[PDB]
Amino acid sequence: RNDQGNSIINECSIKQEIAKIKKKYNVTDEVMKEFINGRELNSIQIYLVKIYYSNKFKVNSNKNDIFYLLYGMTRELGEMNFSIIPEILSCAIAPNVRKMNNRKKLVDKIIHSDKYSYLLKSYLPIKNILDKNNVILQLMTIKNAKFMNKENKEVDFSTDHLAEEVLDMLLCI
Amino acid sequence: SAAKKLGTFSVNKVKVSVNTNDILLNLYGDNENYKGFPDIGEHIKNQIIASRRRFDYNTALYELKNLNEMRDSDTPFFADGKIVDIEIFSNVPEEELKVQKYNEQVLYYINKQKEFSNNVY
Amino acid sequence: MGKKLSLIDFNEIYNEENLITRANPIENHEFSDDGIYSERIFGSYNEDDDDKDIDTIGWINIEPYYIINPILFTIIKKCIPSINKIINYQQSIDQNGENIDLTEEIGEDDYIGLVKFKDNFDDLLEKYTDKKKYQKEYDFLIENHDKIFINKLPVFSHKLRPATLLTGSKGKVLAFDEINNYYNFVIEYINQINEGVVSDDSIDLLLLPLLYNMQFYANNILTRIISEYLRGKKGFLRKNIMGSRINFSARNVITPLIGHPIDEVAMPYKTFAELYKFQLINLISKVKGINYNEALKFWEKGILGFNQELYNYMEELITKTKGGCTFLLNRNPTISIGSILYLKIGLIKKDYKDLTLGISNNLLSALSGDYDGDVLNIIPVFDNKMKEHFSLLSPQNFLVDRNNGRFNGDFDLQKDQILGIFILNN
Amino acid sequence: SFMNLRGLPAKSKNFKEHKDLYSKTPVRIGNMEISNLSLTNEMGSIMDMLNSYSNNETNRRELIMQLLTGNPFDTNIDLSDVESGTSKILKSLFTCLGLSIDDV
């Protein structure tokens, strides 16, 4: 049915990725406990994790592996202009999970991006119909929830920040 | 030289199915010339005729991306030679094909075949 | 030692979770969770993620009336001839009818059914006992009161059972192997007993023949599931247990080769690429440095069309390995001494289209082959301890004749070289 | 390649549908194969090989794990003692027959 070869290849890729995360930021178990601070899995969060490592591998969804993956992932964007998105990934999920509306002006600006334009060009065969009925690409922009940060904080920011930085993130796709 | 003489032909017939789920890839040519399978004059390259990606609604954000490059978990077909003839059977209305960019080659071939049948009739 | 026969008591074995209740295998176009096709206990056919193993055992209650076990039944028929007639209840006219109206009473032992026979089992055995012929069987019965009557009936994994739900052209056909068929009857039959809650003599007049068919079907089950599952070469005991399938294997056709010592052999590039796939993937991961997935992509591109770099990688691999990446060559069918050989790879063929396995001429006789088209099989060897253990299978070991202790004639010079040396000498 | 319902190697239909470049159908070891392999006094070694290749799922998995990483030139395999799938399914055969298992 399903061969074990590619699955074990993916697992070993996961293990070496964890090794690199440990090597880069001299992290260990204790800082890991600090970063989790008693949090649990967030669906859109693991989805972002899958997006960021899509080219590298497929996520196995093991718990501690996911948390280490987010540690490395969050710091990784922590280096460059990404400012607020890592803060959101730091937060835990608030219980107001819903789908707020989208600022159509910002999404139009997204369409204006020649970067995203050439992505559409690489998705043009899909773009011609599948998006027209329902664009999966920005559908997650509708799917915006509320977060409850561990530092007694909640997410309250303009959507331009994800509009720009997640655009860069698809540029990393 | 003698071995070069003992040349022998070989012909293969192979059929591929495309459902609503699986989609083809632009293996051959640039963006403008979307051809997942070599044309009549073309020779099959890299011992691969075409390939299909198993589309999923959920996996539309990572896997379906980079359509030009094949993904690891796909279904290719393998052969060698030069295309001699093509025969397509379609059960879907042509409107979808019209709004399908990744089905322009099959639509073109279907139009050619239909024109042939019209002329013969 | 080994796995020992014993009809150990099922009651201390049995578990409440595995007792199946009466239900049809299918239910509203979905497998019932209470029948034989239960997913609660019993695995999932399409999905292999089921944490619980395929070796889960299903289970059926017959505690109300204990039943002789089928396995000892044939032995029983030996100790007491025609016990099938004793348990066969024809002494009934309410529902069975007058029928023949003339029968062999045999001291009223016959037509008493299963319950009475169980009640007077010792007396019947005393009636039918041969101290000269059946004494051993009666003794083995003596050591086995606890196991004669069985109170629990087991059922195989539905994943093990090849029975499937096909969609026949007439309609959806539950194409089961015959096993569950009788099992279904069995459980359906036991349904009647748990259906027969109301108490009345005529019910027992029908209930006892139901027990007769219970034992008949139990014997049916044992004979049937021993007919094919564990009998013959199709059977499981010989097809897999002794020898099985191998996941790291290949096979090819042999052609002559010269310029090398007898031990060295060459393999076609494609088959070597496929066999040691993970060695190359390891080296390519180390040297490229990127994750293993893109390495797998590169290896795919490498087997697809000829590449110089990948050939260099395999050349490094053959050069730097501890044992030289040896393997086993065996010639179907192996019926002679040393018909298996332990050979060491010496050279990778560069020509992509070449697919034949080079082999030195002097090994033709030992493995009893010819270049006419024989297909020979290769099994790679990986573990270093395995290399040392199989070193005794190297042709150098077979060079000495285990028959007479002289130089072996199979490694002696063959035809053409005999001729040539003769020209040189004489 | 794809394993069968018994968690064992089995051939497939990809080759006919032109999904596989090479035929890739495994070889099976038969009577005289086990016999001649047991010509050497290494029955434990033969059992180890059979368990590592196909019979035992855990053993084959640990073989791939050890073999993928580590030195490509030197392979130092390590094997467990988990009961093989064949032995367990034979145990199921016997127990469901009314037979049982009892070593020594």
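Residue numbers (UniProt numbering), protein chains in the order written: chain A, 292 to 464; chain B, 183 to 303; chain C, 1 to 426; chain D, 546 to 649. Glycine included, each C-beta is placed from N, C-alpha and C at the ideal position.
Item to check | Residues that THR614/D contacts on chain C, provided the C-beta gap is smaller than 8 Å | outcome: Going along chain C in sequence order, the residues near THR614/D (Cβ under 8 Å) are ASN282.
Item to check | Inter-residue CB distance, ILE57/C and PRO154/C (contact presumed, cutoff 8 Å) | outcome: Contact annotation, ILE57/C with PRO154/C: C-beta distance approximately 5 Å; criterion of less than 8 Å satisfied.
Next on the checklist: My output table needs one value for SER557/D: the three-state DSSP class, helix, strand or coil.
Outcome noted: Correct three-state label for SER557/D: coil.
Checklist entry - Can a CB atom of chain D be found closer than 8 Å to the CB of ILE420/A? => result Chain D, which has no Cβ nearer than 8 Å to the Cβ of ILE420/A, makes this no.
Checklist entry - Is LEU595/D near the ligand FMN, with its Cβ less than 7 Å from a heavy atom? => result Inclusion of the ligand FMN in the displayed structure is not the case, the ligand content being empty and no account of it being possible.
Next on the checklist: Taking CB distances under 8 Å as the criterion, tell me whether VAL196/B reaches chain D.
Outcome noted: It does: the Cβ of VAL196/B has a partner Cβ on chain D nearer than 8 Å.
Item to check | Start-end ranges of the alpha helix (DSSP H) lying completely within the stretch 360-410 of chain C, minimum 4 residues | outcome: Runs found: 384-390 and 395-398.
Checklist entry - List, in order along the chain, the chain D residues whose C-beta lies closer than 8 Å to that of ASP356/A? => result Within chain D, not a single residue places a beta-carbon under 8 Å from that of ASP356/A; the smallest gap is close to 16 Å.
Next on the checklist: Let me confirm a value: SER169/C is counted as buried when at least 16 other C-beta atoms fall within 10 Å, else exposed. Which label applies?
Outcome noted: The C-beta of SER169/C has fewer than 16 other C-beta atoms within 10 Å across all chains shown, which makes the residue exposed.
Checklist entry - Per DSSP, what kind of secondary structure is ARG605/D in: helix, strand or coil? => result The answer is helix: DSSP assigns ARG605/D an H, G or I state.
Checklist entry - If we cut at 8 Å on Cβ distances, does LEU304/C have a partner in chain B? => result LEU304/C belongs to the set of residues whose beta carbon lies under 8 Å from a beta carbon in chain B.
Item to check | Whole-number beta carbon distance between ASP647/D and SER32/C, since they are thought to touch under 8 Å | outcome: Contact doesn't hold; Cβ gap of about 36 Å is too wide.
Checklist entry - Comparing alpha-carbon positions, which option in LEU413/C, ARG331/C, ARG402/C and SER391/C lies nearest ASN362/C? => result Closest by C-alpha distance to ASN362/C, out of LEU413/C, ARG331/C, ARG402/C and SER391/C, is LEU413/C.
Next on the checklist: Give me the DSSP bridge partner(s) of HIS225/B.
Outcome noted: Note: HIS225/B sits in a beta bridge opposite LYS264/B.
Item to check | Whole-number beta carbon distance between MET364/A and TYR343/A, since they are thought to touch under 8 Å | outcome: 6 Å between Cβ atoms; contact.
Checklist entry - Quick one: complete alpha helix (DSSP H) runs, 4+ long, within the stretch 77-153 of chain C? => result The qualifying runs are 83-87, 113-119, 121-127, 135-142 and 145-148.
Checklist entry - Which residues mark the beginning and the end of the beta strand (DSSP E) in which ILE60/C is found? => result That run of the beta strand (DSSP E) goes 58-61.
Checklist entry - Taking one C-beta from the stretch 570-578 of chain D and one from the stretch 328-338 of chain C each time, how about it: are there three or more such pairs within less than 8 Å? => result Under the three-pair Cβ rule at 8 Å, the stretch 570-578 of chain D counts as touching the stretch 328-338 of chain C.
Next on the checklist: Tell me the DSSP secondary structure of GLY218/B in three-state form.
Outcome noted: DSSP places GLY218/B in coil when its eight states are reduced to three.
Next on the checklist: Which residue wins for smallest C-alpha separation from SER583/D, given the options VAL115/C, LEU392/C and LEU310/C?
Outcome noted: Of the residues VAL115/C, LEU392/C and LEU310/C, the one whose Cα lies closest to the Cα of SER583/D is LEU392/C.
Next on the checklist: List, from N- to C-terminal side, the alpha helix (DSSP H) runs of 4 residues or more that fit wholly inside the stretch 223-309 of chain C.
Outcome noted: Runs of the alpha helix (DSSP H) inside the stretch 223-309 of chain C: 236-239, 269-275, 277-288 and 292-304.
Item to check | Which of helix, strand or coil DSSP assigns to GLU628/D | outcome: In this structure, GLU628/D counts as coil in the three-state DSSP scheme.
Checklist entry - Roughly how many whole angstroms lie between the Cα atoms of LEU364/C and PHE407/C? => result In this structure, the straight-line span from the alpha carbon of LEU364/C to that of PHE407/C is close to 17 Å.
Checklist entry - Using a C-beta cutoff of 8 Å, does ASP51/C count as contacting chain A? => result Not an interface residue.
Checklist entry - Taking Cβ-Cβ distances shorter than 8 Å, what residues in chain B pair up with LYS564/D? => result Correct list: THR257, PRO258, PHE259 and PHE260.
Next on the checklist: Going by beta-carbon coordinates alone, are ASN252/C and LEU376/C separated by less than 8 Å?
Outcome noted: The answer is yes: Cβ separation under 8 Å.
Checklist entry - Rounded to a whole number of angstroms, what is the C-alpha to C-alpha distance between residue 430/C and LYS320/C? => result With chain C covering only 1 through 426, there is no way to say anything about residue 430/C.
Checklist entry - So, using beta-carbon positions, are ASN440/A and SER381/A closer together than 8 Å? => result Cβ distance < 8 Å, so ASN440/A and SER381/A count as in contact.
Next on the checklist: I'd like to know whether the C-beta atoms of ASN180/C and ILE71/C end up nearer to each other than 8 Å.
Outcome noted: Contact: no.
Checklist entry - For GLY323/C, which residues from the same chain have a beta carbon less than 6 Å from its beta carbon, with the 5 sequence-adjacent residues on both sides left out? => result Hits under 6 Å: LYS387.
Item to check | Contact list for the stretch 587-599 of chain D against chain C, Cβ threshold 7 Å | outcome: Under the 7 Å Cβ criterion, the stretch 587-599 of chain D contributes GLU587, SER590, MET594, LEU595, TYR598 and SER599.
Next on the checklist: So if I threshold CB-CB distances at 8 Å, which residues from the stretch 216-233 of chain B count as touching chain A?
Outcome noted: Against chain A - using a Cβ distance shorter than 8 Å - the residues of the stretch 216-233 of chain B are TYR216.
Item to check | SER339/C burial status per 10 Å Cβ neighbour count (16 or more: buried) | outcome: Burial state of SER339/C is buried, judged by a 10 Å Cβ sphere holding 16 or more other Cβ atoms.
Next on the checklist: Run through chain D and tell me which residues come within less than 7 Å of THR321/C, C-beta to C-beta.
Outcome noted: Near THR321/C (Cβ distances below 7 Å), the residues of chain D are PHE618.
Item to check | Sub-8 Å separation of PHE271/B and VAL196/B beta-carbons | outcome: Inclusion of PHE271/B and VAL196/B in the CB contact set at 8 Å is not warranted, their separation being larger than that value.
Next on the checklist: What would DSSP say about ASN330/C, mapped onto helix, strand or coil?
Outcome noted: It is a strand residue.
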